[PDB]
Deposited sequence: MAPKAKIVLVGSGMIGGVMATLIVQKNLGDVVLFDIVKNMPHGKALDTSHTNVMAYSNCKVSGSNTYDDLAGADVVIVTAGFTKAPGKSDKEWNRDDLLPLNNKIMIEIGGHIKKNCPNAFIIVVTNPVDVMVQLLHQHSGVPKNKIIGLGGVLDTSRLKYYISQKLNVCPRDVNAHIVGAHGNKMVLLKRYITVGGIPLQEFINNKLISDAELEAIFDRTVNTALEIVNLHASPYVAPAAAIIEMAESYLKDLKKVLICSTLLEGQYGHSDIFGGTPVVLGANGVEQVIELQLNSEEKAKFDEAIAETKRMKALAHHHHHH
């Protein structure tokens, strides 16, 4: 039973990090695909040597052809133009990639990163024909990583012991659910009651979370290390059948009162892809914000067509 084959459609900064992490974790053979000539081969060569340091045995190859999607177990899509004017252009890219997925790897697990993700993931779902349980978009794992981390540094606890939920869409309409924040499994409100962190501090953290991509772009460049790690967490849960509860963009079929659209919600990721879609029991305020996120996704989807 051979290694998983993981094809990275897009070999930019996020691609490079993903390939690095895949080798570190010995997750599978890697293809770095890009339309840019030669570059993916150079990155692939550089990364391949790290098998020695990592005590791994993963092949890492570059590619300039979609034909290398053949036999892929996991496809991660970061390719795309980098706002509203790009929607129809990136739709065409999803049509192209989707057609190649359909013929080369129709049973692959597909993770879409191309922004705006909630729109682009549905466009690829439609153009590739893959089942709803085998395609998801990056969102909540990345967004909550910021919220979890910032709260952890205020409370002086292990970052992953903060859990949190951000839903609806990946972008400015992301819905931060204060009521669903826990610290070591304990409601955050208890820490607020004890004066360990204030409502004002939290509002500042919420604002920072929403604007993190902009903050980092202003300082340096579009974030890529945390996005890569978030994607690999998702990919690993699939490949190792870990059944982790992770927030991703997934097809809504009545959840939150919505359908024929993708939105961010907790899901269980295992060997069968999206094994469960978990509908949070939202109150009216939270729901209202969820609906606003979906409306913005629907608006941009209309423009993409």
Numbered from 1 on the deposited sequence, the unmodelled stretches are 1, 84 to 94, 318 to 322
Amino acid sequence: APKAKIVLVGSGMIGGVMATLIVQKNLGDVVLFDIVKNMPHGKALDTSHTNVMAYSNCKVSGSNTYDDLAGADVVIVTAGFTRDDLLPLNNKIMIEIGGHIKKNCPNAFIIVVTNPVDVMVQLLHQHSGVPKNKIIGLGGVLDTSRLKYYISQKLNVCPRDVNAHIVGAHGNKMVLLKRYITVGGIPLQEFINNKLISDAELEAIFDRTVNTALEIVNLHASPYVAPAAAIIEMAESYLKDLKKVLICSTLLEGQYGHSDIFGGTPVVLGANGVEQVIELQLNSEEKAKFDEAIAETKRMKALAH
From here on, numbers count along this sequence of modelled residues.
Between 64 to 72 and 40 to 48, name whichever shows the higher mean Cα B factor according to the PDB entry. 64 to 72
So 288 to 296 or 16 to 24, which one's hotter by mean CA B-factor in the entry? 288 to 296
Residue set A164, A228, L196, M234, per-entry CA B-factor max assigned to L196
Between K134, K103, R160, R146, let me know which has the highest C-alpha B-factor in the entry? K103
Split into thirds by Cα B-factor across the chain's modelled residues, where does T265 land: lowest, middle or highest? lowest
Compared with the other modelled residues in the chain, in which third is the CA B-factor of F81? highest
Comparing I35 with the other modelled residues of its chain, is its CA B-factor in the lowest, middle or highest third? highest
What third of its chain's C-alpha B-factors does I93 belong to: lowest, middle or highest? highest
Would you please rank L188 by its C-alpha temperature factor against the other modelled residues of its chain and give the third it falls in: lowest, middle or highest? middle
